[PDB]
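Presented below is the structure to which this report refers.
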Amino acid sequence: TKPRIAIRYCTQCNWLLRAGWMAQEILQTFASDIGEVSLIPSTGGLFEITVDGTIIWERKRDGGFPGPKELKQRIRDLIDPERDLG
Amino acid sequence: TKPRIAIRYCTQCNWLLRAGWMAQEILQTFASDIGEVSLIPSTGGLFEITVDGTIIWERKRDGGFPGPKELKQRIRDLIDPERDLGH
Amino acid sequence: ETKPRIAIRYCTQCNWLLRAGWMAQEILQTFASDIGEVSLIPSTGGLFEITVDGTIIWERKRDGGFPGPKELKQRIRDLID
Amino acid sequence: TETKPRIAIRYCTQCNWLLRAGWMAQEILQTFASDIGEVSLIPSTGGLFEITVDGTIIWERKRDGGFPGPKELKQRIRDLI
C-alpha cells in the first residue's frame, strides 16, 4: 500500500498551475514510492497538501506556498525518512 | 455526482509530462464539475484514463495519446453529453 | 555550432498556453543539450505555429490541428539532427 | 523600452529544473498574456537559475536565495513593465 498524496487548491484563485507543477515535482522525485497524487479543485482560498490524510502543508498555517526542496523534504520525512535527497 | 478521473502513466517511459498536461487541460475545462484528477505512476507502457473507473482512453485500444479536444469531449460525453463546451 | 532557437506561437484567447508550455517541456526534456532555447509567444486569432530558427515545422491549419509528442520530436530531430 | 518585454529563464538542465522553469513561464504568461512579447526557456549548465526581462536580471538563485514564489516573480516583472 503506497502513500497517497492530495493537493486541494482554490480554482478561482488560479492556483491550478502551481498545484499541477507541485504534483509533477512530487512524481518526478517519488515516482516508485507513491501510489498517486490527486489534484482536487477546491474553493475559498484553500491550499492544502496531505500525505494519507496528514497535512504536510496548509497555506494559512504554513504562511504561503512551498518551494520544491521543502515540499520534497516534508514528503520524504513521512514516507522514507532515511532517504538522503542531496 | 462529480466524477473521479485517473490517469495511469508509465513512469519510465517519460510520460509524466503529458499526463500532468492532460490533468491540467481537464481541470482547466471542468474546474468545478470534477471531483479530482489523480496521476498514478505505472509501469510497462501503460497509459490509461478512466472516469469513475470507466476507461475513456487506453494507449493500445485507442492508438496512441489523446488530443485535448477529444479528451475533453470524451469526458463531457460520459458526464453529460448535452453539456455544450463552446470551444 | 550556434544552437537552434525554437519558437511556439499560440493563441492566447483559445487557452492554448497549457498545450504550448507542455510542448516546450517535451522538447527541452528530449533535446535539452542540442537546442538554444524554446520561446513561448502569446499570439492572435487561432494561431498555433512552431518554428526552428524561422523554419516552420508545425502550423495548425496546414498540419490539421496539434502535434502528438512523437511527431513533434521527429520533425525537430529531422531538422536539427 | 517600447517593445513588449522579452522574458528569459535560464535554468540548469542537469539539475532537473526544467519543471520549475516551465511552471514559472506558464505563471507569467497566464497573468500577463499578450502584455509579454515572449518567455524563453534557456537550457543552461552549472547550477544557474536566472530570470531576465529585456536582459535585466530580476532573479538569480545565489543572490536571491533560491527560487521565486509566484507572487514575487510577477511583481518584479510588474515593477519594470
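So that the names make sense, note that chain A is the first sequence line, chain B the second, and so on, each numbered from 1.
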The reported gap from CD1 in C/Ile35 to CG in D/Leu41 (rounded to nearest 0.5 angstrom) is 9.5 Å

In this structure, CG of C/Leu28 is separated from CG of D/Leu19 (nearest 0.5 Å) by 11.5 Å

Nearest heavy-atom contact between C/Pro42 and D/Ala33 is CG-O, 3.5 Å

Residue from C/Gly21, C/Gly36, C/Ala20, C/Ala7 scoring the most non-hydrogen pairs under 4.5 Å with chain D is C/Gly36

Output all donor-acceptor pairs under 3.5 Å across chain C and chain D; consider backbone as well as side chains.
from, atom 1, to, atom 2, distance (Å)
C/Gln25, NE2, D/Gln26, OE1, 3.4
C/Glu37, OE1, D/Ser40, OG, 2.8
C/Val38, N, D/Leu41, O, 3.0
C/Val38, O, D/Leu41, N, 2.7
C/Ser39, OG, D/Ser40, OG, 2.6
C/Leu40, N, D/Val39, O, 2.8
C/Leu40, O, D/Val39, N, 3.0

